[PDB]
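[1] Return a 3D structure for these sequence lines:
(one chain, ligands or ions: 2)
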Amino acid sequence: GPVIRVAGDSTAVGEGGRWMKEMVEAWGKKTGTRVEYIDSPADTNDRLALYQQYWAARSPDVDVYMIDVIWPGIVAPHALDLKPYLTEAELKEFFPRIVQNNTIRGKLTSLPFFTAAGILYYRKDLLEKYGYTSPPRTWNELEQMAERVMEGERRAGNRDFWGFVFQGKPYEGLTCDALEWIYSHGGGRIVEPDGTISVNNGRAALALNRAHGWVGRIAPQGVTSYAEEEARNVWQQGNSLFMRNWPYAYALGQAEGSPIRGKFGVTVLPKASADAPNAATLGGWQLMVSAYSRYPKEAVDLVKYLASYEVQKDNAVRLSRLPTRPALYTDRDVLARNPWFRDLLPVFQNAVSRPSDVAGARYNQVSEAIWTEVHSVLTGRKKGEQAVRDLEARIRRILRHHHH
Ligand SMILES: OC[C@H]1O[C@H](O[C@H]2[C@H](O)[C@@H](O)[C@@H](O)O[C@@H]2CO)[C@H](O)[C@@H](O)[C@@H]1O
Ligand SMILES: [Ca+2]
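    Numbering: from 1, shown residues only. Ligands and ions are numbered 1, 2, ... in the order given. The structure is reproduced below:
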């Protein structure tokens, strides 16, 4: 009978691709339906270009796509409206914020699958070894701790040891890190939900100069080419005091044979001062049925299964990825495995979004300008002051005549 073909997640990032294919195969086995998994590149913006090839061709060759939180405004024409396939009570089992994110001009483009937010990973053993009893609350403290711990560990002979690793490659991940820097210095949201391009200000400038000041000092020079997995691999081998990353790194760090198993915790990212806002960029992925699927009914059944309570629970327990169902945050098994799901719930609830709603279908162009100008500051090519000014002008061009 039909073959239900799924493109979602990547075998190049942690266990997400492997686990995704396993779930899709379990749905196939359970329902007696043939399925195939199509693998994707690591980086979201590369996945977007890949999938856009299928969409442009109206291709029936993928039935189900895992789409980024930043995509609904872009991909809406390519999505089957799910709204008629769910009751109001079913829909309300998901967080309203994400359902709303996924709903474009009344169309429910996708079901919420897992959410994410940026967080600070930190080595507890190393903090204790150097006399610190809490992870840093401010960026200055992160720097001070990173310098002292690095000096010590280098002297003890770990020539691989760094203070801080993050995503500084020129891609969507840098847009994520950079929104956290700017917002946590009181510099705004780059583009505000009302359309105001606010990034040209002295706080945003300072946030970027500060990041520049990390490169080759407390962070490796090569951090300007790091995505999620490059940062994670330095961290996970035991070679970084701190890491900025998404929740999925926690379960990987705790796995049997991880050199850092039991040595780390997580907390909110630092901020410039006590009265700045906490910054955690909102991430996460959704499940879309293709408008070009020849098998909508079967594809919707697979998507409902993937987004169900027990599959999200498995995602939580085994891959430490955040559910999109409030009821899982009180589940005894989810919580015992990841107590920090409860500790940082308010951080996840206040996560700051990238400007995907306000930029809509032009978001990818906006983000590319953002990561290229930010990157120019990380490389030392421009100061923050010049970069935010150039960014403002580029975003103004990009969004001219665009209204939300
Ligand atoms: O790189 C930007 C991208 O990061 C996150 O996507 C992660 C995801 O959270 C992880 O579970 C795993 O799938 O790695 C992905 C990175 O390739 C955000 O979820 C996403 O919104 C963001 O655009
Ligand atoms: Ca994650």
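[2] switch to C-alpha atoms for all contacts and neighbour counts from now on
    OK.
[3] residues contacting the residue in the stretch 1-150 of the chain positioned nearest to ligand 1?
    Residue nearest to ligand 1 within the stretch 1-150 of the chain (C-alpha to the nearest ligand atom): residue 43, separated by 4.5 Å. Contacts for residue 43 (C-alpha atoms under 8 Å, 6 or more residues apart in numbering) come out as 171, 172, 173, 227.
[4] and the stretch 201-350 of the chain, which of its residues are near ligand 2?
    246, 247, 248 (C-alpha under 5 Å from the ion).
[5] Please repeat the previous calculation with a cut-off of 8 Å.
    Listed as neighbours of ligand 2 in the stretch 201-350 of the chain under the rule C-alpha under 8 Å from the ion: 246, 247, 248, 249, 283, 284, 320, 321, 322.
[6] now the residues you listed in TSV, with secondary structure?
    Listed next are those as TSV, based on DSSP: H, G, I helix; E, B strand; the rest coil:
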residue	secondary structure
246	coil
247	coil
248	helix
249	helix
283	strand
284	strand
320	coil
321	coil
322	strand
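[7] Ligand 1 next: which of the residues you listed are close?
    246, 248, 283, 284 (C-alpha under 6 Å from any ligand atom).
[8] Dump these into a markdown table; add neighbour count as well.
    Listed next are these as a markdown table, based on neighbours: other C-alpha atoms under 10 Å:
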| residue | neighbour count |
| --- | --- |
| 246 | 24 |
| 248 | 20 |
| 283 | 22 |
| 284 | 22 |
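[9] Closest residue of the stretch 301-404 of the chain to ligand 1?
    residue 321 (6.5 Å).
[10] and the end-to-end length of stretch 335-349?
    Using C-alpha to C-alpha, to the nearest Å, the end-to-end distance of stretch 335-349 comes to 17 Å.
[11] contacts for it?
    Here stretch 335-349 has contacts from 116, 117, 266, 267, 268, 278, 280, 282, 317, 320, 322, 329, using C-alpha under 8 Å, 6+ apart.
[12] Also stretch 243-260?
    Contacts of stretch 243-260 (C-alpha under 8 Å, 6+ apart): 14, 116-122, 164-167, 177, 228, 231-232, 235-238, 261-262, 269, 318-322.
[13] So what pairs up with residue 164 in the strands?
    residue 242 (DSSP bridges).
[14] who's in contact with it?
    146, 218, 219, 240, 241, 242, 243, 244.
[15] same check, this time on residue 121
    Taking C-alpha under 8 Å, 6+ apart as the test, what residue 121 contacts is 242, 243, 244, 245, 264, 265, 266, 267.
[16] Helices - which of those residues land there?
    Among these, DSSP state H puts none in helices.
[17] show me which of the residues you listed neighbour ligand 1.
    Okay, of the contacts of residue 121, nothing touches ligand 1 (C-alpha under 6 Å from any ligand atom).
[18] Turn these into TSV, including neighbour count.
    Below are those laid out as TSV (neighbours: other C-alpha under 10 Å):
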residue	neighbour count
242	27
243	27
244	24
245	28
264	18
265	15
266	22
267	18
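[19] Show me how this structure divides into domains.
    Listed by curated CATH domains, the domain ranges of the chain are 1-116+283-350, 117-282+351-404.
[20] Start and end of the last one, how far apart?
    Using C-alpha to C-alpha, the end-to-end distance of domain 117-282+351-404 comes to 25 Å.
[21] Which residue is the nearest non-sequential neighbour of the most centrally placed residue in the chain?
    Closest to where the C-alpha atoms of the chain average out (C-alpha atoms, centre = their mean) is residue 283, at 3.8 Å. Using C-alpha to C-alpha, 6 or more residues apart in numbering and skipping the chain neighbours, the partner closest in space to residue 283 is residue 116 (4.5 Å).
[22] would you say that neighbour is within a helix?
    No. Residue 116 sits outside any helix when classified using three-state DSSP, being strand.
[23] so how many other residues sit close to it?
    Number of residues near residue 116 (other C-alpha atoms under 10 Å) recorded here: 22.
[24] repeat for the one 4 residues further on
    Around residue 120 sit 21 other residues, with neighbours defined as other C-alpha under 10 Å.
[25] got the phi/psi numbers for it?
    phi -90, psi 120 (degrees, to the nearest 10).
[26] that older thread, distance to residue 389 added to the contacts of residue 121, as JSON lines?
    Formatted as JSON lines, those follow (distance: C-alpha to C-alpha, whole Å):
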{"residue": "242", "distance to residue 389": "30"}
{"residue": "243", "distance to residue 389": "29"}
{"residue": "244", "distance to residue 389": "26"}
{"residue": "245", "distance to residue 389": "28"}
{"residue": "264", "distance to residue 389": "39"}
{"residue": "265", "distance to residue 389": "37"}
{"residue": "266", "distance to residue 389": "34"}
{"residue": "267", "distance to residue 389": "32"}
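[27] ok so, going back, residues in contact with the residue nearest to the centre of the chain?
    So residue 283 contacts 68, 69, 115, 116, 117, 118, 353 (C-alpha under 8 Å, 6+ apart).
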